[PDB]
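Let me begin by presenting the structure, written as structure tokens, before commenting on it.
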Amino acid sequence: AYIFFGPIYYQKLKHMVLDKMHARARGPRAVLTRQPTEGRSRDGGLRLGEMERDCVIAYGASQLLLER
Amino acid sequence: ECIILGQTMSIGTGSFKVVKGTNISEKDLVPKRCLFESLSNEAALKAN
């Protein structure tokens, strides 16, 4: 097939992966801390909300509840 | 109120119990006995 070729002015944004990789093993002050620039963007985080508690009820798993 | 107290729920996976069989016979669960109460039984109701 003939393939549509040509130049486009692209642009690189913010929001790289290097400052969003956030992880936590045990205890406070997590070991993989992202850069502290949220700015009205608290999208839950490393939590387990009531909407996600209702999903594992639908599977019927009773010991994953006590583990998590 | 089982997720608040940390109890196992009675629906889904915790709707039953599993138990393990001992698989022992009644030949080993015997009241083993050889001349224990024979001394005290005869000399307790004779002529009295």
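Residues are referred to by chain and number: the chain letter is A, B, ... according to the order shown in the structure tokens, the number counts from 1 in that chain, and ligands are numbered separately from 1 in the order shown.
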
Quiz item: Can you tell me, as a PyMOL selection string, what residues are no more than 10 Å from region 17-27 of chain A when counting only C-alpha atoms, ignoring any on the same chain fewer than 3 positions away?
Solution: chain A and resi 14+30-37+45-46

Residue hits in chain A, query chain B, radius 9 Å, only C-alpha atoms, as a PDB file with N, CA, C and O atoms, in the first residue's frame:
```pdb
ATOM      1  N   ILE A  57     -15.527  -8.500  46.391  1.00  0.00           N
ATOM      2  CA  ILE A  57     -16.732  -9.170  46.871  1.00  0.00           C
ATOM      3  C   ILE A  57     -17.403  -9.915  45.724  1.00  0.00           C
ATOM      4  O   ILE A  57     -17.893 -11.037  45.893  1.00  0.00           O
ATOM      5  N   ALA A  58     -17.404  -9.312  44.530  1.00  0.00           N
ATOM      6  CA  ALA A  58     -18.043  -9.925  43.371  1.00  0.00           C
ATOM      7  C   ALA A  58     -17.299 -11.164  42.894  1.00  0.00           C
ATOM      8  O   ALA A  58     -17.916 -12.070  42.325  1.00  0.00           O
ATOM      9  N   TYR A  59     -15.981 -11.226  43.106  1.00  0.00           N
ATOM     10  CA  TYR A  59     -15.269 -12.469  42.829  1.00  0.00           C
ATOM     11  C   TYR A  59     -15.568 -13.523  43.880  1.00  0.00           C
ATOM     12  O   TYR A  59     -15.543 -14.719  43.579  1.00  0.00           O
ATOM     13  N   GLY A  60     -15.847 -13.103  45.108  1.00  0.00           N
ATOM     14  CA  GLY A  60     -16.114 -14.035  46.179  1.00  0.00           C
ATOM     15  C   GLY A  60     -14.893 -14.492  46.939  1.00  0.00           C
ATOM     16  O   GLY A  60     -14.950 -15.534  47.597  1.00  0.00           O
ATOM     17  N   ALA A  61     -13.790 -13.754  46.863  1.00  0.00           N
ATOM     18  CA  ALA A  61     -12.570 -14.096  47.582  1.00  0.00           C
ATOM     19  C   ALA A  61     -12.644 -13.520  48.989  1.00  0.00           C
ATOM     20  O   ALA A  61     -12.831 -12.312  49.161  1.00  0.00           O
ATOM     21  N   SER A  62     -12.497 -14.382  49.992  1.00  0.00           N
ATOM     22  CA  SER A  62     -12.626 -13.963  51.381  1.00  0.00           C
ATOM     23  C   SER A  62     -11.294 -13.778  52.089  1.00  0.00           C
ATOM     24  O   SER A  62     -11.226 -13.007  53.049  1.00  0.00           O
ATOM     25  N   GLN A  63     -10.235 -14.453  51.646  1.00  0.00           N
ATOM     26  CA  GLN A  63      -8.939 -14.317  52.298  1.00  0.00           C
ATOM     27  C   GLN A  63      -8.084 -13.213  51.693  1.00  0.00           C
ATOM     28  O   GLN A  63      -7.190 -12.696  52.376  1.00  0.00           O
ATOM     29  N   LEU A  65      -9.382 -10.365  51.057  1.00  0.00           N
ATOM     30  CA  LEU A  65      -9.863  -9.261  51.883  1.00  0.00           C
ATOM     31  C   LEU A  65      -9.047  -9.118  53.161  1.00  0.00           C
ATOM     32  O   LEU A  65      -8.620  -8.014  53.515  1.00  0.00           O
ATOM     33  N   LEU A  66      -8.824 -10.226  53.871  1.00  0.00           N
ATOM     34  CA  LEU A  66      -8.049 -10.165  55.105  1.00  0.00           C
ATOM     35  C   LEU A  66      -6.574  -9.908  54.834  1.00  0.00           C
ATOM     36  O   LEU A  66      -5.881  -9.347  55.689  1.00  0.00           O
TER      37      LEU A  66
END
```

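CA of residue 47 (chain A) sits 13.5 Å away from CA of residue 28 (chain A).
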
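We find CA of residue 18 (chain B) and CA of residue 30 (chain B) to be spaced 27.8 Å apart.
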
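Those residues of region 5-48 of chain B that DSSP, working from the backbone, places in alpha helix (DSSP H) are residues 5, 38, 39, 40, 41 and 42 of chain B.
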
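If you look at CA of residue 42 (chain A) and CA of residue 15 (chain A), they are 14.5 Å away from each other.
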